[PDB]
Structure formats: C-alpha cells, structure tokens
Amino acid sequence: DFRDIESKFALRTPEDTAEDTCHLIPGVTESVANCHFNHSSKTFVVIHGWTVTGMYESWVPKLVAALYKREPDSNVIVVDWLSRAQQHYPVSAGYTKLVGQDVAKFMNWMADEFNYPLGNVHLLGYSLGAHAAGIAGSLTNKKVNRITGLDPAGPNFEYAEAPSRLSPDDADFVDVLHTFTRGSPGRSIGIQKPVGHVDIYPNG
Amino acid sequence: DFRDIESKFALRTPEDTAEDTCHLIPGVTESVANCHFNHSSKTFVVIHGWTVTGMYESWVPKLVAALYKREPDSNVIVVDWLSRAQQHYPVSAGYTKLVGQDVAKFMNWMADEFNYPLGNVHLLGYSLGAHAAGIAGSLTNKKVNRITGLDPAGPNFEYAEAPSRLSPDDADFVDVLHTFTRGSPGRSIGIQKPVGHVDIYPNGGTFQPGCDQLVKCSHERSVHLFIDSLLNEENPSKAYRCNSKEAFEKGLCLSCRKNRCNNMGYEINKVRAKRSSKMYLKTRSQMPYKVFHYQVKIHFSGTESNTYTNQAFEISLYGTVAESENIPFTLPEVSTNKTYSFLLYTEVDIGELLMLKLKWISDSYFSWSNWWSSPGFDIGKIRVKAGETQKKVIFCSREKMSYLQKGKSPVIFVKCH
Amino acid sequence: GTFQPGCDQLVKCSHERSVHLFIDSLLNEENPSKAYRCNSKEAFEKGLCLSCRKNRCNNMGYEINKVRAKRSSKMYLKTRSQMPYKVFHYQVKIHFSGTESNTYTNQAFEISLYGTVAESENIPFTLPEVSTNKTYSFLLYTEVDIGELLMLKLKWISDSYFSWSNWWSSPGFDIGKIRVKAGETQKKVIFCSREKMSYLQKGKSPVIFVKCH
C-alpha cells in the first residue's frame, strides 16, 4: 500500500531552505529518524498549487524562512507536484482527488505508527493546494486541526459537491482568503462562494 | 544400432556456454555420468536450423544463458548440424527426416535405459529445427511433452503430408510463431498454414517493424521474442484470439472468456482446442516487446448530415501512474448517428484511466484556413474497454465544450460514472 | 491538379507552379509542351486517351491554339520537378498469353527504351491483376529525348532477396507482341521477338524485343 505514493515528500531545515535533501518515505521507517522529525512540536504541510514551468515558484523559499523565524523548532513538510502540475488546467484539475488521498495515507501512517496526535497540523494551501488540502482531511481517521486556504481555485470547483471541494466540514477550523474574485458567476479565477468558517475579503 | 548417429550431441554448463566440451554418446554409458546429467529436472533440446557458414549463429550463446538464468539446475542439450546444414536448401530439406530419427533414437535410448520419464522435455526448434522436432516425437515410444517451433520452414514443407511436417499430433502441446509469413501461397519463407495447438501471429505475421544482418531481420524475431519471454518472468505478454487480420484492427475481438487470451512464449497455458487457433498481438521495435491494448468506441451525433473520409485524430491518455499524450489514429467514413470502434496501443504503463483528450487536427496550414467555417460534431460518450484488466469505463463531458471541431481546441472528457 | 512533385517558401510551393509553368512556356518558344484531353483522372493513368484528332491535344501556356468548345474541357499532362518542365508520353499495350491460368497482383516490372538519339534504361512501373489471355495498357513517361524506337527490354523483378529464392520454380508467361503508340508523333509501331527467349519469368534474364514490322 506504499508504492502508489508518487507525489513525493520532503523536509527542509532553517540552514537549508531552498533544497530538497532529506526525503521522507511512507513505509520506510529508517528515514523518519534520518530527517530528525521532532515529535513534540507542530507540523506545517505546504501544498503547492498550479505551475507552468518545471521548478517551484518564488514564494516558497520565503514562506519556509518565515515559518522557521516565527515558529522555531518545528516541522515544515513540502509536498511535490512537478510530474503532475505541469499540464493544462482541466488536466491538473483532476489530480487533486489523488494527491489528497496520498496526503491522507501519509497522515494516517504517521498517526497509526508513531502515534502522532493529529492536533498540531497546519495544512497550508495555494489555489489548487487549498482544494487538495480540502479533499484531504475528509479521508483521515479523525479530524485535523486547521486548514488554511490561500485564494483557492475557482472554475471547475465552483457549483460542485461538498465532498469534492474545500468544504467547511473538512476540518475543525478553516480560514480562506479571497483576493482575486473578479468575474462572472462561474467564470472567476478565485472562488466567489464563502466556504470557510471565517471568510475574509481584503479590499472586497 | 549406435554408429549411424553422426549428428552429434553436446551438453553445456552455465559457466561455459559458448563451447562443446562434454559430449554425450548414445550407447556409451561412461559419458552420461561424466557430463553430470541431473536426473531430476527438465531437459531442453535446442535444434539448430539452416546455416550457410561453418559456425553456429549468434542467438544460441544467448539462448543458453537465458535458459540457465530462467531455469537453474536443468539440462540444455545442443544438437549439431555442421556437416549436414552447410548445403543448398533442397539438399538440407531432406536431412530432417534423418536427424529427427537420430533424435528419436537418442530419446528412446534415454527412456529405455535410465528410465527417463519423457514428461519434462522441451523441444525448441528454428526454421528447419521445428520440422526436425516435428518429425521427431512421432517415432518415439510415447508422447513427448512440449515442442516449441520458432518460425518453421515454408517452401518444401507446405502442401506436404501430416507425417512429413510439424503436425499437431506430433506431441502433447505444440506452439508455433509465424513472424515472417509474407508472400504468395506456397512461395513464402515462413509457413502460412496454422499447424500448432496455439498459433500466434505477432503483428499479423507479414513483417516486423525493424526492417547481411539486415537481410535476415524479421526471421530472428521468433528467437528474440522467446528470449524476452524467458527473461521477463513476472510480466507476461498476452496474445488475443480473433478470426481475421482485418477484424483485429477494428478491435471487435478483445474478449478474454471461454479459453481465449492466452499468453505468449514460455508462460503459455496448456489449453487444447478442436481446430486451428489464430492469435494476435502487437509488439515494439526494442528489447522490451510488450505493449498494452485499449479498445475505444466513439458515438458520433449531430444535425448536419455530412460524410467525410480519411480524417486524422489525436488522442491522449491520462491515468494514475503516468500519461500518454499524442497517440495518432485515423478513421475513414465519418458521419453522423454512427458508432465507430478501433484499436489503440501504447508502451507506457497507465494504471487506471482518469481523463482523455480528443483533438481533430487540420490538414491545411495556410493563413486562409481560419475561415470557411469548419465542420464539427457533437460527441456524447466514449466507451473504453481495457485489454488485460477487463474494466469497461464510461467517459463523458459536462454540458459545455461538447463540440469537437476541426482545427479548434480539443474536448476534454472525464470519468463519467 | 492535386499537388506538384516539389512539396515559409516551402509553404506556398505548389501555388507558384502556375507561374513557373508559364515563364517556361514563354522561354521555350521552339519546344511546346502538349497537354492531352481525357475524361477523368483515373482514365489518364491507364493511357486509353492519347488521341490527337478532332480538336484534341492542345498546347500549354502562351502557344495555345484558339479552339472554342461547347462544354467544359478538362486536359491533362505530367511534369518534372526542375526548370525544364517537359516530359514525353508513351502508350504501351502488352498481350499476355500462356497455359497455366494463375492470377497474381502488385507485380513490379522494369522496362527500357532504346532509340536513335539516346536511350532510357530503368523506367519502373507496376501492374495489378496480371493473368493469362488478357491485354493490358498503361502510361509511360520519360525526360530524355529518344527519336524513333528500335528495341525494348522487359524485366519482371523479384521481391525476394534470400538465397532460398532460386528454387520453387518461378511463375512465367509467354509474351507475343507489344503495341507502342507515341504521344506527339502519332506512330503506332509493333514490337515482337524471335522464336527463342520468348518466356518472361520472374527473377530471370529479361526478354529483348525488336522492331517487328
């Protein structure tokens, strides 16, 4: 049950923020103690959204340093997408239902082998990453703590079902930003529907 | 009765595969215990076909290593021909009726002195070697287990008698490859008649997509498709039963029930039949010879009744593991209110299908061609039936972008149910 | 009229032939390029319509003869991919005869042309559905001037290459006559052989025909 996990994982240090040296492998347990996963603090999981080039975007090596400056001695896990996101958009609009299941299997593995509490997990999400974190969590053994969505995807995920998008029942507390909601109903880049427990509209 | 055995014998080791050190002699029993013939395992007998030089060919020191890697602690006996095969072809077309009798005498000697079971004997045969193994076995005390023929001889052995060629009564189970069957009836290099219990036609059997070394290109595929089947134990290459070469291209016969869809090569299932059994598959031009097989049924619908022809399409395959992007195919006689089907293959593993593009490209290139409003259709559903894993998925679209038009953006279909 | 045998400059390749076939007709005053009247594209390949009587076989380009008609007038010719755009046109009718009734298909032939001025050696053509007691015709073209024909080889090549292929005795026929009708100069010569070597066989030596009458 641990060879369909092609969406890889990585763990980054405050001394090395722009690379992907020490990987984690679901199932292989000699690597968890190799990356020095501190079992006492909280754990950040940063899910990458859409891209068109091959590399990461420019905000991830700043968000890593910001998390390691605000919460020192913590865990920031970077999920990989670079064999599934470099596509067209209705092509990459179907892979979220697989990547969310991969993240759910990883979290159930960590919560059923090492007895992780699942009470200190933040799920940060970009435009497709927020819907990836939303389709995750519903397929876990119990409720995750907090999912933060940063301007989720609009077109194919509006007018959908509640077990298909970032729904307010996906976690215990969900906050969503809505920066770019300009357009017609159903033809907008960001989502126009209020989906979280708290829904902030900066500048409207 | 043991001095007319001029066709010699040899036994080779995994540590020494390219030589002929330890011989066996029919009648002399101090040499059987000299070559360390393990009396518990199976026994391979590799019969050499035609040649024109004095030495062996290039595939025997690879087939020896492949047999000793697939079945360790076994027996591979190499039959010798090099004073009888270096002739002209109607000269060497008469020596098979003697070499098969020599092999029959050797096998009856081994089965009547050492009490060998004759239940674990494979008889591998090249073009003349398959007919040599076929004229052997009929002159044994009882039935041999399995005779495998690799593209047998065509010219003088077609139109012959059943006790003269590789007939289906020669053994208990006979499988025959037919790689190079191009030509007129009676004037072909391979044999065009179905002769075995299982008869596999890879790529239909006309030629192979890789065509002095270049002269005998599609006559050595019947050995390179067997070495690959010996090496790839965990991954079998299925072959599909149909009724004609033209019907397999339409894909109407991907059915794997009631003793159909057997494997190819060493891992074949022992299934007897009542008649000739033509079976089909496709291959690839490199050392992994496995491709997958997909059936695609497309429902055309619309309003404007306008027939066309020779239209080129491009399709994609989006699945769990990997993806296939730009597979080309063509369809003649496209029209409204029909249901068309074809066959589709690829060489990249997919898993389970998720989505599927469909693009109908434009033959014209000019800057004129954006006008004179292009023909289009209204596609509702696509039925996809996979080859190995018998899953019949249904694909459809949303109630937008359901209008395929030539030289425009392609439609995108998802899993519909 | 489908395309031209030479295909951003490569994009508009077969749209500038209608100018390069007219500049050539202006330059070559003394040598006109005749075009031949037929009824369909498929019938011109069989060569059944090389007839230059009753207001047929006009020229092409500037040197055309002013002839009015009653209906649409489709006319045909072939060309070459270089700056001299003139080829000649020959009709060849072949009488097959023999004893063993055996039909075949897609057989490839090779023919030669031996004349007064120069010679053409290895012109290829194919014929499907060859059989005994028939009469077949086709069209043949070349780019080397001949004059008047003298002799004509005829070779039926072998598709097989193996050392096996010398045996399994090859099919053969008994060719009596060949009627040749030239395109421009309306001469209808008759070719035949002697009462020896009159047996064309696949993968063997070719027959050699001479001027018969």
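Each position is counted from 1, following the chain as shown.
Determination method: electron microscopy, 3.8 Å.
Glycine residues also receive a Cβ, built from the backbone N, Cα and C atoms like all the rest.
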### Summary
Checking B:51-55, B:101-105, B:136-140, B:381-385 against Swiss-Prot, the stretch recorded as region 'Important for heparin binding' is B:381-385
### Message
Quick check on the annotations: Swiss-Prot lists region 'Important for interaction with lipoprotein particles' for one of B:108-112, B:288-292, B:368-372. Which range is it?
### Response
B:368-372
### Message
According to Swiss-Prot, the disulfide involving B:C416 connects it to which residue among B:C261, B:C396?
### Response
B:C396
### Message
Considering Cα atoms only, can you say which of B:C22, B:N38, B:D151, B:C396 is the nearest neighbour of B:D170 (Ca(2+) binding site) among these recorded positions?
### Response
B:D151
## Note on the structure
Check: min Cα-Cα distance from B:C22 (disulfide bond) over recorded positions B:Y159, B:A162, B:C396 goes to B:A162
### Message
Neighbour count first, Cβ atoms within 10 Å, every protein chain included; then name which of B:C217, B:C242, B:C253, B:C256, B:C396 tops the list of disulfide-bonded residues.
### Response
B:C242
#### Entry: Subset of recorded positions B:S127, B:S167, B:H219, B:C242 within reach of chain C (CB-CB under 8 A)
none
## Note on the structure
Around the Cβ of B:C22 (disulfide bond), other Cβ atoms within 10 Å, all chains included, total 15
### Query
Where DSSP helix means H, G or I and strand means E or B, what are the helix, strand and coil counts for the region 'Important for heparin binding' (B:381-385)?
0 helix, 5 strand, 0 coil
#### Entry: Candidate nearest B:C242 (disulfide bond) in space, where candidates are the recorded positions B:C35, B:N38, B:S127, B:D151, B:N337 and distance is Cα-Cα
B:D151
### Task
Taking helix as H, G and I and strand as E and B in DSSP, count the residues of the region 'Important for interaction with lipoprotein particles' (B:368-372) in helix, strand and coil.
3 helix, 0 strand, 2 coil
### Query
Considering only the recorded positions B:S127, B:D151, B:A162, B:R165, B:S167, which residue has the minimal Cα-Cα separation from B:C211 (disulfide bond)?
B:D151
